[PDB]
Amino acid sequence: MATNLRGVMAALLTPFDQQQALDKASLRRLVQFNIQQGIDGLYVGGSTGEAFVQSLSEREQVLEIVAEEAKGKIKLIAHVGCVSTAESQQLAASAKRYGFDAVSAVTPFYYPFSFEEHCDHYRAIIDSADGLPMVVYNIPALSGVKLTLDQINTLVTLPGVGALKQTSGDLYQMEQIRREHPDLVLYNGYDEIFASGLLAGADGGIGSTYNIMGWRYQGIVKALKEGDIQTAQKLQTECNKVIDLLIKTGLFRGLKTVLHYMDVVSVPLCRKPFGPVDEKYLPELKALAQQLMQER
């Protein structure tokens, strides 16, 4: 329990004020909100936190505040990945200083890096994490990096790696990874296939929609554990009705908007080039917020 990274952890969003600057009060509120719905932990500074439109100092600011709010209450994973190895190393050292339980890094993108270069990138960050386990992050849809099973096997067996965030809808690969690494912490990355992902071999998950309905995913874990397939399917179906909507509205901004109606986030904007939510979607987003609050 003290060191176990397995579980359902929300990919944290970064609330901004009207001027696009960090809204500290809302960030703290979002951390507490997640803790209150029984989340196992938080994955901070990843895609969902709009890290790639933030500076290093801004990412460190978020990491520090979240630690003050949640260190000791729930598990904390710091996504310290940048395209640059040196920048990733700086964030890794900060994560350790703030007391995070683990670090994580997306495969460096934009430039075509060889597999050997990706491996050395992880090794360097693991060195700077000084003790904190590394969570390899595979997300080809956004990074453009397509790894083979053999390459994934090599990455997850590097000294210092304790988990893999698998943001892939290939559940054959998910099963193969589980079969090859029986003890590996394996996070399902696409919320919309959570139930099937666990069945395939994942033993937990990290997702952005957990911010507004994390209890449903915890419910799926329990349902499958008790052999209640009907309940597991029903919960996944409800999650997907929500995901359908969020994808149409824009994932991060849609989530922030729902959180705004739940009195957690003051201003639901994302940073440019992300645009605002189309007004035509507000009725459904407001109704969703009302439903989720009634449910919780």
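So that there is no doubt, residue numbering starts at 1 and follows the sequence shown.
J.: Out of 64 to 72 and 267 to 275, which stretch has the higher average CA B-factor listed in the record?
T.: On average, C-alpha B-factors are higher across 64 to 72.
J.: Going by the mean C-alpha B-factor recorded in the entry, which is higher: 210 to 218 or 79 to 87?
T.: Between 79 to 87 and 210 to 218, it is 210 to 218 that shows the higher mean C-alpha B-factor.
J.: Highest recorded C-alpha temperature factor, please, choosing from 233, 47, 240, 54.
T.: Spelled out: the listed residue with the top C-alpha B-factor is 233.
J.: Would you mind finding, among 124, 147, 102, 186, the residue with the largest C-alpha temperature factor in the entry?
T.: Max CA B-factor in the entry, restricted to 124, 147, 102, 186: 147.
J.: According to the PDB entry, is the CA B factor of residue 165 in the bottom, middle or top third of its chain, that is, lowest, middle or highest?
T.: For residue 165, the deposited C-alpha B-factor lands in the lowest third.
J.: Using only modelled residues of the chain, where does the Cα B factor of residue 254 rank: lowest third, middle third or highest third?
T.: As the PDB entry reports it, the C-alpha B-factor of residue 254 lands in the lowest third of its chain.
J.: Going by the recorded CA B-factors, say which third of the chain residue 196 sits in, lowest, middle or highest.
T.: Bottom third by C-alpha B-factor.
J.: Lowest, middle or highest third of the chain for the C-alpha temperature factor of residue 21?
T.: Highest third of the chain for residue 21's C-alpha B-factor.
J.: Where does the C-alpha B-factor of residue 176 rank in its chain, lowest, middle or highest third?
T.: CA B-factor rank for residue 176: lowest third.
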